[PDB]
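Numbering (PDB author numbering), first residue to last: 1 to 141.
Where a beta carbon is used, it is the ideal one built from N, C-alpha and C, also for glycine.
Let me begin by presenting the structure, written as structure tokens, before commenting on it.
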């Protein structure tokens, strides 16, 4: 199986704690996700990755929701030390996927949400960032 590519919307709450110099990012929940017709739902799950580096350490992920087109992690993620000037050289990379297979990494990728701390609208408010489903994306410093 595994067919069709569509993206909905995801709500991510970003914040910048200039106090302790930490980057806040709460993964609210997703909605209007691509489901099936006369079948079954899926297991949506977000995956944050404070670039650079994409493997672990400074990687934050939310609990994998089971059967739910509208997940609600509303979790919290603090990234420090994080400076305001760093935002320029520090960008967040969120991506929504679906835990299809089991005990594996067979993701179907629901979309990708890129946010540049540089121009990251941080106001401790919930923002819905449309999901992008198009392999190969831009990138430059």
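task = On the DSSP bridge assignment, give the partners of residue 96 in chain order.
result = Residue numbering aside, residue 96 sits at position 96 when the chain shown is read from its first letter. Its beta-bridge partners are 46, 111.
| query | Is there contact between the stretch 81-92 and the stretch 105-123, where contact requires at least three CB pairs shorter than 8 Å? | reply | yes
Among 137, 111, 124, 134, nearest to residue 14 - alpha-carbon criterion: Walking along the chain shown from the start, residue 14 turns up at place 14. Measuring from the Cα of residue 14, the nearest candidate turns out to be 124.
Query raised in the report: On the three-state DSSP scale, how would you describe residue 165?
Result: In the structure as shown, the chain begins at 1 and stops at 141. Residue 165 is therefore absent and cannot be evaluated.
Point to revise | Per-residue burial, residue 126 [other beta carbons within 10 Å of its own, 16 or more giving buried] | key: In the chain shown, counting from the first residue as 1, residue 126 sits at position 126. Under this definition residue 126 is an exposed residue.
Would you tell me roughly how many angstroms separate the C-alpha atoms of residue 76 and residue 1, rounded to the nearest one?
Position 76 of the chain shown, counting from 1, holds the residue named residue 76. Position 1 of the chain shown, counting from 1, holds the residue named residue 1. Taking the straight line from one Cα to the other gives about 35 Å.
How should residue 36 be labelled, buried or exposed, when 16 other C-beta atoms within 10 angstroms of its C-beta is the threshold for buried? One-based indexing of the chain shown puts residue 36 at position 36. By the neighbour-count criterion, in which 16 or more other beta carbons inside 10 Å mark a residue as buried, residue 36 falls on the exposed side.
Inset, instruction - For residue 45, I'd like the list of residues in its chain whose CB is within less than 8 Å of its CB, leaving aside the five on either flank, ordered along the chain. - result: Residue 45 sits at position 45 when you count from the first residue of the chain shown. Result list for residue 45: 61, 62, 63, 64, 65, 71, 96, 97, 98, 99, in chain order.
_Applying the 10 Å Cβ sphere with the 16-neighbour rule, what's the burial state of residue 4?_
Taking the chain shown and counting its residues from 1, one reaches residue 4 at position 4. With fewer than 16 other Cβ atoms within 10 Å, it is exposed.
Leaving out five residues before and five after residue 86 in sequence, what residues of the same chain have Cβ atoms less than 8 Å from its Cβ?
Taking the first residue of the chain shown as position 1, residue 86 is located at position 86. Excluding positions up to five away in sequence, the list reads 117.
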